[PDB]
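We begin with a single chain expressed as structure tokens, specifically the form deposited without the named molecule.
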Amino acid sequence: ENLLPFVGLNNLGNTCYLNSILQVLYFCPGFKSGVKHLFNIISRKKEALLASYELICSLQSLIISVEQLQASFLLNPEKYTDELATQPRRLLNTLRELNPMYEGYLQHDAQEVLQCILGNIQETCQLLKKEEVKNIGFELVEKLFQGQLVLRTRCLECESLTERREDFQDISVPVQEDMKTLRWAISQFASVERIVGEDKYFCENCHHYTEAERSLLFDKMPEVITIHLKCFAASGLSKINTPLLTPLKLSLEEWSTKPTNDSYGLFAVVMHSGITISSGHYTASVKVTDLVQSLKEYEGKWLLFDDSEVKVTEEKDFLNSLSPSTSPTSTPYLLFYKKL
């Protein structure tokens, strides 16, 4: 009947998408330090003397509240009795300003909120770097969530290749065909696909519509791979509530332009509980490794983040529950892998 040092958030309405993303992103390898550096820059700039900086200030306030509340729990356990949680009022108001979609208390997507937060951080950071050069921390989203993609297309008439270099924040992945593994799904995203029939490549070499083969390869690799599982199909729209096998270690050497020995270890899963695309409940599970030997007692164990309660789960139990051997009732939606 005792709480845990690690601190969650509050429902505050219908805020479970945002809480899940925030508890995932608070445990990223270098998100906290980067946001603290950016806030140091913004604080210095303000002392030298905006809407864009409001997100960074809100994130810094949230993070400082989380960590100071956890510390206060560690040295004054009896000061808190029922729940150990905070509330992102400021951050929700900030996102609500920076995106009117979040006006009110209605249910939203978690990947979209993660994308909004990351893009807003990136645009503030580019703006700040431009302001500085007018007068290593300026590449946080770019270094830690952004990777480069190579898209080869090969005409099957002339066999002439064309290269497109694009960018990606997330790896968007099917979960069923038109017991499957994550390797099968990444292959469906990035292995050779033939374009035939109604979909036909227009070749500027042939000046004609031809069958072609596309392949997607990975050129540059972010420190955190986020895999966005397409747990939804056009039946009129349904949710595919049957997860695929998710490895603890992942290697993207098969779909990489150059050979690499870089394993990725799973550390966070965002899960949607529901039978409908339009309603459900979001939950986040993260693996604790680093920030009081009590705090290191949890090393290697998984944390389940409901709205305000935190539960410690062993790795074997979490992996068994996530596996589609039994009905999980909460399908994985966002998979987070970090370099090793």
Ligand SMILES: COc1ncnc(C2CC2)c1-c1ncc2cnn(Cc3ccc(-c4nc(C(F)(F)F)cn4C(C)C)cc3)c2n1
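Shifts are known only where both forms have a C-alpha. Think of the rigid core as the biggest set of C-alphas that the two forms share within 1.5 Å after superposition. Residue indices: 1-based, along the sequence shown.
FYI, the form deposited with the named molecule bound isn't displayed, but the following is about it.
Quick check: superpose the C-alphas round the site, drop in the named molecule from its position in the bound PDB entry, and tell me whether this chain leaves it open or blocked (blocked if 3+ atoms sit within 2.4 Å of backbone or C-beta). Here the answer is blocked - the superposed ligand has 3 or more atoms within 2.4 Å of backbone or C-beta atoms.
Does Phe189 make contact with the named molecule in the bound PDB entry, using a 4.5 Å heavy atom cut-off? So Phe189 does not count as contacting the named molecule.
With a cut-off of 4.5 Å between heavy atoms, is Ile275 one of the residues that contacts the named molecule in the bound PDB entry? No, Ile275 stays farther than 4.5 Å from the named molecule in the bound PDB entry.
Do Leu322 and the named molecule share at least one heavy atom pair within 4.5 Å in the bound PDB entry? Answer no; every heavy atom of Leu322 is more than 4.5 Å from the named molecule in the bound PDB entry.
Is there a non-hydrogen atom of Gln70 within 4.5 angstroms of a non-hydrogen atom of the named molecule in the bound PDB entry? Taking the distances in the bound PDB entry, the answer for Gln70 is yes, it comes within 4.5 Å of the named molecule.
Scan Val312, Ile64, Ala51, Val292 and let me know which has any heavy atom within 4.5 Å of the named molecule in the bound PDB entry. Contact check passes for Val312.
Between the named molecule and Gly34, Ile225 and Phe267, in the bound PDB entry, does every residue show a non-hydrogen atom at 4.5 Å or closer? Answer is no for this spot.
Heavy atom within 4.5 Å of the named molecule in the bound PDB entry: which residues of 291 to 306 qualify? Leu295, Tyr298, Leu303, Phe305 sit within 4.5 Å of the partner.
Quick check on the comparison between this form and the one not shown: with the core aligned, only one of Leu217, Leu118, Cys203, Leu84 should show a Cα shift of at least 2 Å. Which one is it? Among the listed residues, the outlier is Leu84.
Once both forms sit on the same rigid core, is the C-alpha displacement of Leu106 at or above 2 Å between this form and the one not shown? No, because once the rigid core is superposed, the C-alpha of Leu106 moves less than 2 Å between this form and the one not shown.
Using the rigid core as the reference frame, would you say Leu127 shifts its C-alpha by 2 Å or more between this form and the one not shown? After core superposition, the displacement of the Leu127 C-alpha between this form and the one not shown stays below 2 Å, so no.
Quick check on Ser72: with the core superposed, does its CA move 2 angstroms or more between this form and the one not shown? It does shift by 2 Å or more.
Knowing the shift is 3 Å or more, I'd like to know if the C-alpha atoms of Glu315 and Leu84 are closer or farther apart in the bound PDB entry than in the shown chain. Relative to the shown form, the pair is farther apart.
Is the CA-CA spacing of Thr313 and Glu83 tighter or wider in the bound PDB entry than here, given a 3 Å or more change? It is farther: in the bound PDB entry, the C-alpha atoms of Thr313 and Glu83 lie at least 3 Å more apart than they do here.
What moves between this form and the one not shown once the core is lined up, counting runs of 3 or more consecutive residues with C-alpha shifts of 2 angstroms or more? The runs that move are 72 to 75, 80 to 85.
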